[PDB]
Every structure is written in structure tokens, then in C-alpha cells.
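Below sits a lone chain in C-alpha cells, taken as the form deposited in one PDB entry.
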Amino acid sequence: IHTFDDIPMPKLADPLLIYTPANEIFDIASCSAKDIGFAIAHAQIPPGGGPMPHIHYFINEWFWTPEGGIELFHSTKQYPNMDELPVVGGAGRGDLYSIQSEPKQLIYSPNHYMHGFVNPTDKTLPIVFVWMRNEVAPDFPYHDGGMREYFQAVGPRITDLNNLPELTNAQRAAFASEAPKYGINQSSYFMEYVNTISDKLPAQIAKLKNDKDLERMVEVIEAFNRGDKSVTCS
């Protein structure tokens, strides 16, 4: 099992706290430096929370599970063309494999893979996501490859820490329907993109990693948190 010791959060003066339509509590920020741009969210996942299967085109993603418990789903197949949805009528639905995450496990998911996750437990579980701008991403306002812009556009702001905002039908539908604008094909129901869910995890998925880029993004976050003005987080 590939683990990672810590992924810190850039501490903004005005944190952006969002309750996603996938029932996830996000503290999210965008960072960039000369050589890199990304979004990062420190998240809490209540029981049953997590996104339906989806595929990214503008970012590579890391999942870090401090307490494990999170069940991730991941394809072996890649879907390199955003215009071809992995649906029954078209190119065809995908085979996914489940990962029973362990404490401080680091999962790397390159662009074009299908993935998702759920908290299948009764605990409210921590997870950190890092979404790094890839080499074909268009330039978004925060130069991050589009993911914070997506969550900010689709998820209500948590203005009251002790009362989570109401999620509406429109917000749930938008979570899927706005996603392509941010280089995401996001399914609206669990079985839309999915053919099978198997528990025997192929070693090729299991082996995927990119610590070098994660370590660079950690240097950026840590620098921002020390007041270094050569990087920006906002």
C-alpha cells in the first residue's frame, strides 16, 4: 500500500467552504506558481457521501485518505475523448474496481480514467483531493485547471458551520450538467457509466503514482502558508 505522510491545506484569510451536491463538505483553495497550478480540498465525507463515477480531461487527481474507510471505484480502461460518453447507447459502460482505502493511502488517478467514491460506513471520514492542471487544460481564472471553479459554481457555500445548506434538485442536476464546462464527464446516477463493480483490484491501477508532482504542490502550499509571495493561493 502506497501512503503519504501529510497533505497540508493552504490557509486562506477567507476560506471557501462548500457543501457539494455529492454530499461532501469541502474546504477548497486554488494555488499556482510559475510551473504549476492546482486545486486542493480538505473534505469530510458523511455516511453515503461521494461523487458518482466520472472522468477528468483537464486535471490529474490524487486522493489521500487519512483514516481509510473510503471506498473508491476505479477503471482499468481510459476514455481519452470527452465527446464520447461511456454510456450504453454509445461507446459503452466501464468495468470498475473497488479500493478499500487504508489510513494515509495515496491514490493517483490520471486524466481519462473513470473513478468515483463513497463512504460506505457510519463514520464521517476525512479525505484530501488534489487536482493538478494538466498540459491541455484551458486557462481558468485561478489557473488551476478548472476544478475549484466547478465546485464553486455547483455547490452552495457553507456560510453556517453548524447548519449545512439545503441541496436542491437543480443543484444535483447541475453537478452533472455543468461538469463538461470544467473538463469533467460526470454521471448523474451510479450505474450510468458502469457495467460492473469488482473487488479484485488489478495491479496496474494499484501501481499508479506520481509523488513528484504531489511533493511539488505540497512545497507550493507550505510556501504560501509561510507568506512566500512567489506563489499564490486564493
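Residue numbers here begin at 1 and follow the sequence given. Basically, rigid core = biggest C-alpha set you can superpose within 1.5 Å across the two forms.
Colleague: Mind pulling up the entry and telling me whether 11-19 or 208-216 has the higher mean Cα temperature factor?
Modeller: For C-alpha atoms only, the mean B-factor is higher in 11-19.
Colleague: Could you check which stretch, 134-142 or 112-120, carries the larger mean CA temperature factor in the entry?
Modeller: Between 134-142 and 112-120, it is 134-142.
Colleague: Determine which member of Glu178, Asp27, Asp199, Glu192 has the highest CA B-factor, using the values in the deposited entry.
Modeller: When the deposited C-alpha B-factors of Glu178, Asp27, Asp199, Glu192 are compared, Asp199 is largest.
Colleague: Based on the PDB record, which member of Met147, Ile99, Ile107, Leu85 exhibits the highest Cα temperature factor?
Modeller: Of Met147, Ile99, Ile107, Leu85, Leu85 has the highest C-alpha B-factor.
Colleague: Going by the CA temperature factor in the PDB record, which third of the chain does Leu72 belong to: lowest, middle or highest?
Modeller: According to the entry, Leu72 has a C-alpha B-factor in the chain's middle third.
Colleague: Would you check the entry's CA temperature factor for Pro53 and let me know if it's in the chain's lowest, middle or highest third?
Modeller: Lowest third - that is where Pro53 ends up once the chain's C-alpha B-factors are sorted.
Colleague: If you rank the chain by CA B-factor, which third does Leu125 end up in: lowest, middle or highest?
Modeller: Middle third by C-alpha B-factor.
Colleague: State the tercile, meaning the lowest, middle or highest third, of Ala43 with respect to the CA B-factors recorded for its chain.
Modeller: It falls in the bottom third of the chain.
Colleague: So where's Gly37 on the chain's Cα temperature factor ranking, which third?
Modeller: Middle third.
There is also a form deposited in another entry; it is not shown, and the following applies to it.
Colleague: Which of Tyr97, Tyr142, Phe129, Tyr79 has its C-alpha displaced by 2 Å or more between this form and the one not shown after core superposition?
Modeller: Comparing both forms, the shifted residue turns out to be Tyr142.
Colleague: Does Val220 show a Cα shift reaching 2 Å between this form and the one not shown after rigid-core superposition?
Modeller: No, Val220 moves less than 2 Å.
Colleague: Would you say whether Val154 is displaced between this form and the one not shown, judging by a C-alpha shift of 2 Å or more on the superposed rigid core?
Modeller: True for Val154: a C-alpha shift of 2 Å or more.
Colleague: If I superpose the two forms on their rigid core, does the C-alpha of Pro10 end up displaced by 2 Å or more between this form and the one not shown?
Modeller: After core superposition, the displacement of the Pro10 C-alpha between this form and the one not shown stays below 2 Å, so no.
Colleague: Closer or farther apart in the other entry, the C-alpha atoms of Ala22 and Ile55, for a change of 3 Å or more?
Modeller: Note: Cα gap between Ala22 and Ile55 widens in the other entry.
Colleague: Quick one: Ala29 and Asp139 C-alpha atoms, closer or farther in the other entry compared with this form (3 angstroms or more)?
Modeller: Note: Cα gap between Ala29 and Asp139 widens in the other entry.
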